[PDB]
Each structure stands twice: as C-alpha cells, then as structure tokens.
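Here is the structure we will look at, set down as structure tokens.
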Amino acid sequence: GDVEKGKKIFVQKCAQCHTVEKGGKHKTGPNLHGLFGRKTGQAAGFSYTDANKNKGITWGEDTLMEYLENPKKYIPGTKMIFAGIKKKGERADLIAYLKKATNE
Ligand code: HEC
C-alpha cells in the first residue's frame with residue numbers, strides 16, 4: 001500500500017477520533033499505537049464496549065481489511081461510528097500507513 005496516500009485517508013476519515021503515536025491521547029476512540037499483532041480491545045486505559053473487547057481477533061492486514069470495509073458488521077454494537085471504506089485500494093493504503101505510524 002501507499003503510505004503517503006494512507007496518511008491522507010487517515011486524516012480525512014479517522015484522525016478526528018484517533019491518534020497513532022506512542023503516548024498519543026485517547027479521544028473519542030482509543031490511541032492506536034501498537035495495534036498490529038494485538039487482540040481487540042487492548043489499548044490501555046480506554047473504556048471499550050464489551051463488543052469490541054469480546055471480538056477476540058488479532059489486528060493485522062487481513063482483519064483490518066475486513067473491519068474497515070464495514071466496522072459494525074464486523075463488531076456489532078461497537079461505539080465506533082464510521083460506516084466503512086468500500087474501496088480495497090484505499091483500505092490497503094490506509095492499512096500500510098497504520099502499519100508504519102502505529103509502530104514508530
Ligand atoms: C469516531 C467518530 C471514530 C471514527 C471516525 C473512527 N473511529 Fe475507530 N474507533 C472509535 C471508537 C469509539 C472505538 C472503540 C469502539 C468500541 O466499541 O469500544 C474505535 C475502535 C477502533 C479500532 C479497534 C481498536 C482496538 O480493538 O483496540 C480500530 C482498529 C479503529 N477504531 C480504527 C479506525 C480507523 C482506521 C478509522 C478511519 C477509517 C476509524 N477507526 C474511524 C471511534 C472512531
């Protein structure tokens with residue numbers, strides 16, 4: 001994926017609710033640093049729904065591709081209010097950005 005393009009997607013669709021940096025603050029949504037390889041609902045210090053805590057998958061390219069297409073379908077009852085990104089290339093670019101940003 002294209003990290004530069006992914007950053008712009010993130011800014012447009014995600015950044016209002018999420019930070020990515022190490023030590024970044026929780027906002028409407030949890031800080032996303034360290035997500036890759038982590039189970040759902042594991043950012044420290046954030047009140048997740050039980051739905052997000054219980055989903056139990058490991059975040060990575062495959063699961064992010066599916067989630068980000070339609071978040072509430074993947075985690076019904078989530079309090080993340082975002083309808084999804086339909087396009088596969090846009091999700092891949094966003095996920096490439098996330099892989100860099102959330103592991104710096
Ligand atoms: C606010 C209006 C949000 C927007 C826009 C996006 N997200 Fe979000 N996200 C938000 C909340 C409140 C939560 C917690 C949901 C709950 O039910 O507890 C989330 C969660 C995520 C997660 C899961 C994190 C984890 O399991 O630790 C991911 C991976 C995530 N959000 C990513 C994400 C991306 C990439 C977004 C733009 C496409 C995005 N979110 C938008 C709130 C909001």
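By convention here, the chains of the structure tokens are called A, B, ... in the order presented, each chain's residues are numbered starting at 1, and ligands are numbered starting at 1 in the order presented.
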
Open item on the list: Let me see if you get this right: every residue at most 7 Å from ligand 1, counting only C-alpha atoms and all ligand atoms, written as number ranges by chain.
Closed with: A: 10, 13-14, 16-18, 28-30, 32, 35, 39-43, 47-49, 51-53, 64, 68, 77-82, 84-85

Open item on the list: With distances taken over only C-alpha atoms, which residue among A:91, A:62, A:2, A:45 lies nearest residue 25 (chain A)?
Closed with: A:45

- [ ] May I have the residues within 9 Å of residue 37 (chain A) as a VMD selection string, using only C-alpha atoms and disregarding those fewer than 3 positions away in the same chain?
- [x] chain A and resid 34 58 to 60

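The space between CA of residue 90 (chain A) and CA of residue 6 (chain A) spans 7.2 Å.
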
Task: Backbone DSSP call of helix (DSSP H, G or I) for chain A, listed as a ChimeraX atom specification - done: /A:3-13,50-54,61-69,71-74,88-101

Task: Pairwise distance for CA of residue 73 (chain A) and CA of residue 101 (chain A), rounded to one decimal in Å - done: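 Atom-to-atom, CA of residue 73 (chain A) and CA of residue 101 (chain A) are spaced 25.8 Å apart.
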
Task: Distance of CA of residue 54 (chain A) from CA of residue 66 (chain A), expressed in Å to one decimal place - done: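 We find that CA of residue 66 (chain A) and CA of residue 54 (chain A) lie 16.8 Å from each other.
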
Please provide the set of residues having any atom within 12 Å of residue 89 (chain A), restricted to only C-alpha atoms, with same-chain residues fewer than 5 positions apart removed, written as an mmCIF file with N, CA and C atoms, in the first residue's frame.
data_model
loop_
_atom_site.group_PDB
_atom_site.id
_atom_site.type_symbol
_atom_site.label_atom_id
_atom_site.label_comp_id
_atom_site.auth_asym_id
_atom_site.auth_seq_id
_atom_site.Cartn_x
_atom_site.Cartn_y
_atom_site.Cartn_z
ATOM 1 N N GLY A 1 0.844 -1.229 0.000
ATOM 2 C CA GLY A 1 0.000 0.000 0.000
ATOM 3 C C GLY A 1 0.864 1.259 0.000
ATOM 4 N N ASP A 2 0.233 2.375 -0.343
ATOM 5 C CA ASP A 2 0.912 3.670 -0.471
ATOM 6 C C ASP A 2 0.747 4.423 0.859
ATOM 7 N N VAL A 3 1.827 4.535 1.629
ATOM 8 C CA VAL A 3 1.796 5.152 2.952
ATOM 9 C C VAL A 3 1.416 6.618 2.916
ATOM 10 N N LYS A 5 -0.529 8.126 0.621
ATOM 11 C CA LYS A 5 -1.977 8.149 0.394
ATOM 12 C C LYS A 5 -2.763 7.703 1.651
ATOM 13 N N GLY A 6 -2.251 6.690 2.326
ATOM 14 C CA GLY A 6 -2.883 6.216 3.523
ATOM 15 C C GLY A 6 -2.953 7.263 4.623
ATOM 16 N N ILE A 9 -5.879 9.536 3.866
ATOM 17 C CA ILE A 9 -7.132 8.839 4.214
ATOM 18 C C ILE A 9 -7.367 8.890 5.712
ATOM 19 N N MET A 65 -8.544 -5.221 6.887
ATOM 20 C CA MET A 65 -9.210 -5.108 5.595
ATOM 21 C C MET A 65 -10.705 -5.374 5.769
ATOM 22 N N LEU A 68 -12.475 -2.606 8.327
ATOM 23 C CA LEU A 68 -12.591 -1.252 7.811
ATOM 24 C C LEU A 68 -13.571 -1.116 6.655
ATOM 25 N N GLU A 69 -13.898 -2.241 6.004
ATOM 26 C CA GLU A 69 -14.961 -2.237 4.998
ATOM 27 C C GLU A 69 -16.331 -1.912 5.585
ATOM 28 N N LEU A 94 -4.508 2.870 3.538
ATOM 29 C CA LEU A 94 -4.699 3.245 4.936
ATOM 30 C C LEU A 94 -3.987 2.262 5.866
ATOM 31 N N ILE A 95 -4.138 0.962 5.592
ATOM 32 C CA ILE A 95 -3.523 -0.051 6.451
ATOM 33 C C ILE A 95 -2.005 0.020 6.375
ATOM 34 N N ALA A 96 -1.437 0.279 5.198
ATOM 35 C CA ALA A 96 0.005 0.489 5.089
ATOM 36 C C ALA A 96 0.476 1.673 5.922
#

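Proximity to residue 46 (chain A) was assessed for A:72, A:100, A:27, A:88 counting only C-alpha atoms; the smallest distance is recorded for A:27.
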
Open item on the list: List the spatial neighbours of residue 102 (chain A) as a VMD selection string - criterion: any atom at most 10 Å away, only C-alpha atoms, same-chain residues fewer than 6 positions off excluded.
Closed with: chain A and resid 19 to 22 31 to 36
